[PDB]
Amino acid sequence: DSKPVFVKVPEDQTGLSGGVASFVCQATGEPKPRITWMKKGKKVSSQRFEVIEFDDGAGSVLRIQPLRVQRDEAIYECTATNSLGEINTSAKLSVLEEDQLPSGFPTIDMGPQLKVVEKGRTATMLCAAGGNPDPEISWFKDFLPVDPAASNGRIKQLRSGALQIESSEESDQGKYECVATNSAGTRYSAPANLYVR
């Protein structure tokens, strides 16, 4: 038995109105901890907010779409609890309009595209992003973070930013988004579908 400890901590984020923001929080414990979200001390409620669990509730994503500037700019808190202990961490969300978009805010130059792949074969979804400074890229599948490292080598994220999936299972099917992040803010690609066979 151990108290919860965070394995993924949500970072402060700056997003673009009409866009998407995801906060990810994950913890480990024994017993397995439960993740919970609050915006300003209140349980979250909207047509424009979704919470998606993973890791059997030990992982959680808060997804806001479309971002709306006055409403969504706030501090969001993740809490992880088990019988032994409670821990929390917070992150700030900022939403910019067009009018306020700094030069070098990331751009998706060529987003990923619909792809259909044979069961055996390998698929790579493409994100080519721009910005100053060069954005880091991450991927979400069906609203959830794709973690290449957890894959026992099957899935890799290339330096181009594309995602390479090999030995494609049926579990690979899903809508993939690429997020480009830099000091200016975060931008999502449109979703792209991967079907198997």
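Numbers for residues come from their place in the sequence shown, where the first is 1.
Two stretches are in play, 47-55 and 155-163, and the higher mean C-alpha B-factor belongs to 155-163. Stretches 142-150 and 23-31 differ in mean CA B factor, with 142-150 having the higher one. For the set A91, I87, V116, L96, the maximum C-alpha B-factor listed in the entry falls on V116. Ranked by Cα temperature factor within the chain, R68 sits in the lowest third according to the deposited record. In this PDB entry, the Cα temperature factor of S168 sits in the top third of its chain's modelled residues, the highest group. Remark: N82 belongs to the middle third of its chain, ranked by C-alpha B-factor as recorded.
In the PDB entry, a CA B factor belonging to the middle third of its chain's modelled residues is recorded for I108.
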